[PDB]
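Q:
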Amino acid sequence: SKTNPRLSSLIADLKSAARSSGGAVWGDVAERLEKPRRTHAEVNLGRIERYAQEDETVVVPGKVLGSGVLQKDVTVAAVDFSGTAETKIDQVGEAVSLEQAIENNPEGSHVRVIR
Amino acid sequence: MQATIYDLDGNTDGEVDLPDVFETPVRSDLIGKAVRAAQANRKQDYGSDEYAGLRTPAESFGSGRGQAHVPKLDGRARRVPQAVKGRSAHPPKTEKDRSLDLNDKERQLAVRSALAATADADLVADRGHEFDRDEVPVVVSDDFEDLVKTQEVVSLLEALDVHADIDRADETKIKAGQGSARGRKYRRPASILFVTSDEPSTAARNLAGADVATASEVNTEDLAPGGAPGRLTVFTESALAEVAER
Amino acid sequence: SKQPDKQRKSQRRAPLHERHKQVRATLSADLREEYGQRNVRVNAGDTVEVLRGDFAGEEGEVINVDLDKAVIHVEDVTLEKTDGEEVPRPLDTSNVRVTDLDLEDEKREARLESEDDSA
Amino acid sequence: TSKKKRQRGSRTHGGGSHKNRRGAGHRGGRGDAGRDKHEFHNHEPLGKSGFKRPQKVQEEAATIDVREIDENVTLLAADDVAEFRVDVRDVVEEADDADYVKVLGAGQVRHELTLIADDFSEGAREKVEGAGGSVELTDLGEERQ
RNA sequence: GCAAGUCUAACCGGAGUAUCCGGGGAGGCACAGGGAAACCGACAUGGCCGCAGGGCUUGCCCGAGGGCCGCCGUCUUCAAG
RNA sequence: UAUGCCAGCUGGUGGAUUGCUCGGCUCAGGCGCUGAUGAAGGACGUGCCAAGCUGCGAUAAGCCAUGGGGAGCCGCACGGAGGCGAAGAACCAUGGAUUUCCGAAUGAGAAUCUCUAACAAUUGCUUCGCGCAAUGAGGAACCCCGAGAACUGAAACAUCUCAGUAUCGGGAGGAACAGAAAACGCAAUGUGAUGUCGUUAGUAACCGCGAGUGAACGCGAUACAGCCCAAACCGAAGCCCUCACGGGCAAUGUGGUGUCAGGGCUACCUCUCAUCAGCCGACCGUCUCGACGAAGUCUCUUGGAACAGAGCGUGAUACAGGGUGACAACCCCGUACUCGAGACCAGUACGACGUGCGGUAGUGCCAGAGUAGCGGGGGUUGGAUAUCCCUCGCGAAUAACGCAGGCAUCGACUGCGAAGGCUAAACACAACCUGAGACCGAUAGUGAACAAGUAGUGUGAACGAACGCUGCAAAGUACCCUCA
Ligand SMILES: [Cl-]
Ligand SMILES: [Mg+2]
Ligand SMILES: [Mg+2]
Ligand SMILES: [Mg+2]
Ligand SMILES: [Mg+2]
Ligand SMILES: [Mg+2]
Ligand SMILES: [Mg+2]
Ligand SMILES: [Mg+2]
Ligand SMILES: [Mg+2]
Ligand SMILES: [Mg+2]
Ligand code: NA
Ligand code: NA
Ligand code: NA
Ligand code: NA
Ligand code: NA
Ligand SMILES: [Sr+2]
Ligand SMILES: [Sr+2]
Ligand SMILES: [Sr+2]
Ligand SMILES: [Sr+2]
Ligand SMILES: [Sr+2]
Ligand SMILES: [Sr+2]
Ligand SMILES: [Sr+2]
Ligand SMILES: [Sr+2]
Ligand SMILES: [Sr+2]
Ligand SMILES: [Sr+2]
Ligand SMILES: [Sr+2]
Ligand SMILES: [Sr+2]
Ligand SMILES: [Sr+2]
Numbered sequence: 001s002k003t004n005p006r007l008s009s010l011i012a013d014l015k016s017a018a019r020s021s022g023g024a025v026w027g028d029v030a031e032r033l034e035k036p037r038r039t040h041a042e043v044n045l046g047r048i049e050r051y052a053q054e055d056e057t058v059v060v061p062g063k064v065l066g067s068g069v070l071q072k073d074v075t076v077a078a079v080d081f082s083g084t085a086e087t088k089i090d091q092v093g094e095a096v097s098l099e100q101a102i103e104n105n106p107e108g109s110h111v112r113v114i115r
Numbered sequence: 001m002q003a004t005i006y007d008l009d010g011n012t013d014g015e016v017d018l019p020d021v022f023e024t025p026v027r028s029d030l031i032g033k034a035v036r037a038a039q040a041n042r043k044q045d046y047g048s049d050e051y052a053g054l055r056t057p058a059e060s061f062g063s064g065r066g067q068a069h070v071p072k073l074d075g076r077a078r079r080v081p082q083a084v085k086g087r088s089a090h091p092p093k094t095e096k097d098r099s100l101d102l103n104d105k106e107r108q109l110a111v112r113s114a115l116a117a118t119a120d121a122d123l124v125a126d127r128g129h130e131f132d133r134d135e136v137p138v139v140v141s142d143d144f145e146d147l148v149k150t151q152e153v154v155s156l157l158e159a160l161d162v163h164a165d166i167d168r169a170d171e172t173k174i175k176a177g178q179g180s181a182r183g184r185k186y187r188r189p190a191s192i193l194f195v196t197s198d199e200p201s202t203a204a205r206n207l208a209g210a211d212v213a214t215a216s217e218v219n220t221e222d223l224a225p226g227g228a229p230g231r232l233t234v235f236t237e238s239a240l241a242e243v244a245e246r
Numbered sequence: 001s002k003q004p005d006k007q008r009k010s011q012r013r014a015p016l017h018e019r020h021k022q023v024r025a026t027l028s029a030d031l032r033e034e035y036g037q038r039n040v041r042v043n044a045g046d047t048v049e050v051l052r053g054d055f056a057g058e059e060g061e062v063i064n065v066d067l068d069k070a071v072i073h074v075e076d077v078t079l080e081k082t083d084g085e086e087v088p089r090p091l092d093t094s095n096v097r098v099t100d101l102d103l104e105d106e107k108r109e110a111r112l113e114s115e116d117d118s119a
Numbered sequence: 001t002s003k004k005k006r007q008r009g010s011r012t013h014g015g016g017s018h019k020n021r022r023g024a025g026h027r028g029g030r031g032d033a034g035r036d037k038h039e040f041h042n043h044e045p046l047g048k049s050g051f052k053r054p055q056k057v058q059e060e061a062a063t064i065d066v067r068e069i070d071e072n073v074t075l076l077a078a079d080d081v082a083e089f090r091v092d093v094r095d096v097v098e099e100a101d102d103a104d105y106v107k108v109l110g111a112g113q114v115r116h117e118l119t120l121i122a123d124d125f126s127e128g129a130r131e132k133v134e135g136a137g138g139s140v141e142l143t144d145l146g147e148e149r150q
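Following this line, the structure appears as C-alpha cells:
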C-alpha cells in the first residue's frame, strides 16, 4: 500500500497511457512500481553508460544514483534522481521525470528499460 | 510567482516574489508523519506502580481444601492478575519509549511541503478555513509587527476578508469523555496562523483559534494543525523572505 | 494550576482571609463609576439586587454573610419551613449585584476610594 | 488489522496445543542451551582457533582503488593539472586515524595520473603507468625495504 | 527520506521553553577482500543463451534484470585442486 | 383447575451501568539535613457539651510582637447554649512564649512510673572541678566502608551463572566518594587532576574455551582549579584559654622557610601582581509566594433555575483553568501585561589588603620502609604470565636514585617521582515545595478518595479489609388519625 500520493498518481498515469496510447513499457513500468520498494531499481550512471544508446530514451523503473561516469548524450527518464545524478546527467544529456516521458511519448516508442 | 503585499489598512502596497518553497509539491503523507512525531514527542512517560498488588505475603494452600490454587491472605485472594486487588498483568510502563524519530531531511521536506500547502486557496478552503479571498497566503506589511491592540488586528482581518475564519473558531466544543476530569474539557477549531519574524504577534495570538509563530522556527504543526495541510496563513513581508530558506 | 481538581481544591480549602473574594458581587453602574472597581466584597449592611435565582428581580439588605459556605442571606429572600417558620435561602454573590453600600467603617470606605486595592 | 489483533477468541494465539507455550522446555533450554547436543545444527562448531596480535602493534592502512581516483579526476579541480597530479593522502577519508595510505588497482585508469601515496599494489602501478602515468612514494613510503 | 553514502549520540544556542527551530558526524553501518598471522590486495564487462520491454520492411535485430562461462584478489600451494 | 413451566408487566432485592471526582499513579522543576539548647517517635492530657481526626501542652483547637487582612469569627462538623470582634477579632507571613511523661534518654531503677542532686558511658582540653567541650539517636531513598547467600541459568551438575545481587554490620552529607600523575603509551616534535554523560564495544580479555561474563586508552560533551605538609636551612622568633591577672602547651620542635614551574644553602640578576591568608560582596537567573488586573449579567422564548435557542452588544499583551440552579473571555476567582517579596545560586563572581613570581652559577644539603619488590596460601577481577585486595614469610635503593610503558632479565628510549594531606563545579536520590499528564476513575487507581495502616487476626515477628453521590435551596416532612 503505497503512501506517497505522487508515486500513486504517476502509476495511474503510466496505466492510462499504456491503455490509451500504444504504450506497454508504461504498463510494464507501472507493474514494477506497484511491487514493493525493495524490488524497485537503484541504478548508477555506470550502468546507464554501458547499455544506453543515443536517440533511445533510457527508462529506469526506479531511482537513478550517481556513481560512475556518463558520457553518452542520452535522455534518462526515472521516478527520481539523486541530486548528483541529475547534475552529472544534465552535463551530457537530459534528465526527465516519467511524468514528462509519458507526456511526450505516450506511445512509449524507442525506449530502453534499465535496472 | 508574485504575492501582493498589504498595508495595515487593507490596501495593496506593491508586491514581491513568492519564494520557490511555496512550489514544493504538497505531500500530506510526509506532513502527517511529521505532525504525528511532534505530538508523540511531547507525551509523558507513565505507568502503574511496579509493586502495586504485590505488597502481600499471600500464599496458595495448594490442593486440599476444595479451592483453586490461588494465593490468599486472611482468607482473601491476592497478588495474581485474576484476583480483585491483584497486580496488573501487562500494565503501562515507564520504561517504554513513547517518542518517534524523524530523519531531519524527511522532516524539513515536510515543513517545506506544508509551507507550499499554504499557497493553495483551494487546499486551504478544503481544510475547512472560512475566508473570501483568492490570493493566499496573505502577506502583510512589516509594520504589522508594531500593532499592539488585538482589535487593530480584527479591523485589518475584516479589511482583508479573512475574519470569517476567526468567527469559525469562536465556538468551543465541550468534548465527550473523561478528558474533562483531567482538564481537557474544551477544544476549538484552528484558524489563522500569523508568521512574523522579530516576535510572535502578541496582538493576534488571543484571537479565537489563532496561532502566532516566527519565520525562523515555524513548524509543520503550525502550518498543518493535526497533519491537515493548507492552513490559512498570514505572513509578514520579512517573514515571507526568511521562510524562503527553510 | 490549570488542572480542575486543584482549582476546585484551592477554592474549597482556601483559608478564611482568602475567602472574602468568594463573596464578592458586581457593583451597579453608578457605583462602578464612583469607585473605579467593577465589583466589591458584599457586606452585612449593603443593599443588593437578585439577578438570577427564583428571586431574580427582588432587592433587599444583606443580613448575613457566611465565608464558610461562601453565601449570603438577603432580607425577604426566604423559604417557608414545614412548620411555617420563614428561613433564609442562601445566595451566591455572583448571582447578585450591589446597589447601595454601607460605609460605616472608615477602613472599608478608605479602601474602596483608594486606587490600589479593589475592596 | 494485525495478527496480534486477530487473536482474541483463538485461545492458543497460534501456539498450537495449549500444552506448548510453557517455560524454557519449549525452547530446549535457555539461551544457547544444547548448542552441542539437541539444538546442535547450524552453530559454529566448538573450538579455539588462531591468535591475536596486540592492538598497539597493528597497522590499519587507508586504501583506495584507482577506479575511485580516476572516476573523479575533472571533479578534483582543486588538485593539480599538468601534462592530473593527485596526492591521495588528501583524497582518502579516514586518512588521519590510519597508519598509511595505499592505492589499490581495482578498475580502469582512463587518464595520465601522477599519484602520490605511501604504498601501491603491483596492479595499481601497472595500470597508472600503462596510461602514461607515474607513481611516487611518500617519504613515509620510504619504509619499503 | 536520502544515496556512494547515510544517521547523528551526549550535549550547545534559540524559542512559542519537556513539544519545536538551528547546531553537534564523536562515532556507527555501508564504500574490498582473503589470511591464524606476517602480508598481499579485485570484472566502471570478455563470450554465449535469453524473459520483459524497444526497434523493423513481422520472421529479424537491440536485448537492462536473469542464466551458463570466462577471468581477477587472496589462502593453501614443486604446481594443481 | 391444584403443585407447576416459559415470557412480560407492577413493586422489591441487588448495585452493574452511565455520568461525576475531595484520591491515586507517573513524569518534571526546585529544594534538602534534624538531635544532649533532649530530636524523630510514642504515651497521657487538653474543648461549654467532645467519642474519632486535626491542633495544642498544666499558658494545652491556644498566649505575645511586627507586617498583611478585614467584618466578621469560635477547625474537620450544616447542633444547641453562650461568647469574641472598630481596644480591628477571625485568617496569613515572619519572629517570640509556653512546651506534662516515656523516648539516644544520660543520677539509680521502671511495660510511659518511682526513688534519693546527677553530661550515665567513652573521650579531648584541663583552673584536674563534669570547669569547658565532643560522641550517642532520627531521616524517603541516594552515598561511602565492611560481611555476604540461595532459588536460578548451564535444559543434570561441581568451576562458571544468578551476583558482589538479596540480606546483615559500621558511617557521612545535602549530596556522597574521587581528584592535581612514581598517569597515559591513537609510541609521539603527542595528551596533561577527578567525576559524569554519549561513544569506543558486546570490541580486548575471561570461560567445563560450554552456558555465559566483560573493561580501558582515546574521542565528543558537561564542568573546570589548583594547592598544603614531612625534610633540608632557621630554632622559641610560636599556639590555646582568660577582659585582665594569670594558667596550659611547646627543644620528643611551636613558629619561619619550602612542596617537581623540585626545594634549600652560597653568589648574583630581576621582579612584584603566581600562590596562600584574610576583607568586601552582588547583577542575572531559577523556584515559590503576593499586589494589580479589561469587557453584558441586555431583549424574546423554553425551563424549577439561562451559562440554552433566537436577537442586540463588548474586551482581548486577558479565547488557560475553576466556580456560579444547564454549553460563560465579558456574573465571581483567576488568566495577559506590569510590579513586589523570600529562598537558592553564594559568602560565590568581581573588587580590594597583605604576601611575593621567576631566572643564572656552584653545591652528591633535603625529598614519606616492613615500603618497592620476591616467595607460600587465598579472595576478587575482563585482567589473560599482563587486575585489585587479604593473610604468612622474606626484603632495596637514595635523585649520581627509583617506579612505569599488559610475561621475565639486561641495555637503550619515552613517561613519571610511590610509601603524608586538602580541594569548588559538572553527576545520585526524592523526604519536602510546585508544576504537569494520549495514565486510573471507587472490585479501577495506593493496602488507604470514607474510621486507613482504620476495624480486625496473631504470644510475637508480622498480617490487614470494606464503606464515595438527597436537593437549586434543608425548604431534612407542621397538623391530623391509627398504634403499646
Ligand atoms: Cl548500478
Ligand atoms: Mg490493583
Ligand atoms: Mg464514555
Ligand atoms: Mg478603588
Ligand atoms: Mg533454543
Ligand atoms: Mg540448572
Ligand atoms: Mg560516584
Ligand atoms: Mg554443558
Ligand atoms: Mg589503558
Ligand atoms: Mg480499592
Ligand atoms: Na501490605
Ligand atoms: Na521511556
Ligand atoms: Na527541601
Ligand atoms: Na572533669
Ligand atoms: Na452567577
Ligand atoms: Sr495429594
Ligand atoms: Sr471552616
Ligand atoms: Sr464547614
Ligand atoms: Sr511460571
Ligand atoms: Sr556432540
Ligand atoms: Sr572521523
Ligand atoms: Sr544529518
Ligand atoms: Sr550478466
Ligand atoms: Sr582543567
Ligand atoms: Sr617523595
Ligand atoms: Sr617486554
Ligand atoms: Sr464495592
Ligand atoms: Sr501462630
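Protein chains in written order, with PDB author numbering: chain N, 1 to 115; chain C, 1 to 246; chain S, 1 to 119; chain K, 1 to 83, 89 to 150. Built from N, CA and C at the ideal position, the CB exists for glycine as well.
Leaving aside the five residues before and after residue 101(S) along the sequence, list all residues of the same chain whose C-beta is less than 6 Å from its C-beta, in chain order.
A: Residue mapping note: residue 101(S) aligns to position 101 of the third sequence, counting from 1. 46.
Q: What would DSSP say about residue 67(C), mapped onto helix, strand or coil?
A: Against the second sequence, residue 67(C) aligns to sequence position 67. In this structure, residue 67(C) counts as coil in the three-state DSSP scheme.
Q: Given the structure, does residue 95(S) come close to ligand 15, in the sense that its CB is under 6 Å from one of the ligand's heavy atoms?
A: Here residue 95(S) corresponds to residue number 95 of the third sequence, with the count starting at 1. Within the cutoff, so yes.
Q: With 16 other CB atoms within 10 Å as the buried threshold, where does residue 121(K) fall?
A: Sequence index remark: in the fourth sequence, residue 121(K) carries index 116 (1-based). By the neighbour-count rule (16 or more Cβ atoms within 10 Å), residue 121(K) is buried.
Q: Should residue 55(C) be counted as a contact of ligand 11 given a C-beta to heavy atom distance under 6 Å?
A: For the purposes of this step, residue 55(C) is taken as the residue at position 55 of the second sequence. Yes, Cβ of residue 55(C) sits closer than 6 Å to a heavy atom of ligand 11.
Q: What would DSSP say about residue 39(S), mapped onto helix, strand or coil?
A: Locating residue 39(S) in the third sequence gives position 39, counting from the first residue. It is a strand residue.
Q: Does any C-beta atom of chain C lie closer than 7 Å to the C-beta of residue 87(N)?
A: Along the first sequence, one-based indexing puts residue 87(N) at 87. Taking Cβ atoms only, chain C never reaches closer than 7 Å to residue 87(N), which makes this a no.
Q: What's the gap between the Cα of residue 10(N) and the Cα of residue 65(K)?
A: For the purposes of this step, residue 10(N) is taken as the residue at position 10 of the first sequence. For the purposes of this step, residue 65(K) is taken as the residue at position 65 of the fourth sequence. The alpha-carbon atoms of residue 10(N) and residue 65(K) are separated by roughly 40 Å.
Q: Assuming residue 7(S) is part of the alpha helix (DSSP H), what are its boundary residues?
A: Within the third sequence, the letter at position 7 stands for residue 7(S). Taken as a continuous stretch (DSSP letters only), the alpha helix (DSSP H) holding residue 7(S) covers 4 to 12.
Q: Give me the subset of the stretch 34 to 64 of chain N whose CB atoms are less than 9 Å from a CB atom of chain C, sorted by chain position.
A: Under the 9 Å Cβ criterion, the stretch 34 to 64 of chain N contributes no residue.
Q: Just reading off the beta strand (DSSP E) that residue 97(S) is part of, what are its end residues?
A: The sequence position of residue 97(S) within the third sequence is 97, counting from 1. 96 to 100 is the extent of the beta strand (DSSP E) around residue 97(S).
Q: Quick one: is the Cβ of residue 35(S) within less than 6 Å of any heavy atom of ligand 4?
A: For the purposes of this step, residue 35(S) is identified with residue 35 of the third sequence, where counting begins at 1. Yes; taking the cut-off as 6 Å, the Cβ of residue 35(S) has a heavy atom of ligand 4 nearer than that.
Q: Checking the sheet assignment: what are the DSSP bridge partners for residue 62(N)?
A: Reading the first sequence from its first residue, position 62 is the one you call residue 62(N). Residue 62(N) is bridged to 41(N).
Q: Ends of the alpha helix (DSSP H) at residue 77(N)?
A: If you number the first sequence from 1, residue 77(N) lands on position 77. Taken as a continuous stretch (DSSP letters only), residue 77(N) belongs to no alpha helix (DSSP H), being part of the beta strand (DSSP E) at 75 to 81.
Q: By the three-class DSSP mapping on this structure, what secondary structure does residue 165(C) have?
A: Taking the second sequence and counting its residues from 1, one reaches residue 165(C) at position 165. Helix.
Q: Between the C-alpha atoms of residue 124(C) and residue 58(N), what's the straight-line distance to the nearest angstrom?
A: Within the second sequence, numbered from 1, the residue matching residue 124(C) stands at position 124. Within the first sequence, numbered from 1, the residue matching residue 58(N) stands at position 58. Those two C-alpha atoms are separated by around 39 Å.
Q: Which of the three DSSP states, helix, strand or coil, is assigned to residue 46(K)?
A: Translated into positions along the fourth sequence, residue 46(K) becomes position 46. In this structure, residue 46(K) counts as coil in the three-state DSSP scheme.
Q: What did DSSP end up calling residue 73(S) once you bin it into helix, strand or coil?
A: Against the third sequence, residue 73(S) aligns to sequence position 73. Residue 73(S) falls in the strand class under three-state DSSP.
Q: When you compare each of 198(C), 214(C), 178(C), 47(C) to residue 4(S) by their alpha carbons, which one comes out closest?
A: As a first step, residue 4(S) is located in the third sequence; it is residue number 4 there, counting from the start. Out of 198(C), 214(C), 178(C), 47(C), 178(C) has the C-alpha closest to the C-alpha of residue 4(S).
Q: Between the stretch 7 to 36 of chain S and chain C, which residues of the former have a C-beta closer than 8 Å to a C-beta of the latter?
A: Within the stretch 7 to 36 of chain S, no residue has a Cβ that lies closer than 8 Å to any Cβ of chain C.
Q: Are there 16 or more other CB atoms within 10 angstroms of the CB of residue 174(C), so buried, or fewer, so exposed?
A: One-based indexing of the second sequence puts residue 174(C) at position 174. Label assigned to residue 174(C): exposed.
Q: Please check if any C-beta of chain N sits within less than 7 Å of the C-beta of residue 29(C).
A: Against the second sequence, residue 29(C) aligns to sequence position 29. Taking Cβ atoms only, chain N reaches closer than 7 Å to residue 29(C), which makes this a yes.
Q: Quick check for students: name the residue ranges of the beta strand (DSSP E) that lie wholly in the stretch 163 to 213 of chain C, counting only runs of 3 or more.
A: Complete beta strand (DSSP E) runs here, min 3: 193 to 196.
Q: Check whether the stretch 36 to 46 of chain N and the stretch 63 to 82 of chain N are in contact - that is, three or more C-beta pairs closer than 8 Å.
A: The stretch 36 to 46 of chain N, when compared against the stretch 63 to 82 of chain N, does touch it at the 8 Å Cβ threshold.
Q: For residue 140(C), which residues does DSSP report across the bridge?
A: Position 140 of the second sequence, counted from the start, is the residue given in the question as residue 140(C). According to DSSP, which records beta bridges pairwise, residue 140(C) is partnered with 6(C), 236(C).
Q: So residue 183(C) contacts chain S; which residues on that side make the cut at Cβ distance below 7 Å?
A: Along the second sequence, one-based indexing puts residue 183(C) at 183. The answer, in chain order, is 2, 3, 4.
Q: For the stretch 219 to 233 of chain C, which residues have a beta carbon sitting closer than 9 Å to at least one beta carbon of chain N?
A: Cβ contacts with chain N come from no residue of the stretch 219 to 233 of chain C.
Q: With 16 as the cutoff for other CB atoms within 10 Å, does residue 35(S) come out buried or exposed?
A: Numbered from 1 along the third sequence, position 35 holds the residue referred to as residue 35(S). By the neighbour-count rule (16 or more Cβ atoms within 10 Å), residue 35(S) is buried.
Q: Do you know whose CA, among 59(S), 16(S), 12(S), lies nearest residue 179(S)'s CA?
A: Residue numbering for chain S in the displayed model covers 1 to 119; residue 179(S) lies beyond these limits and cannot be assessed.
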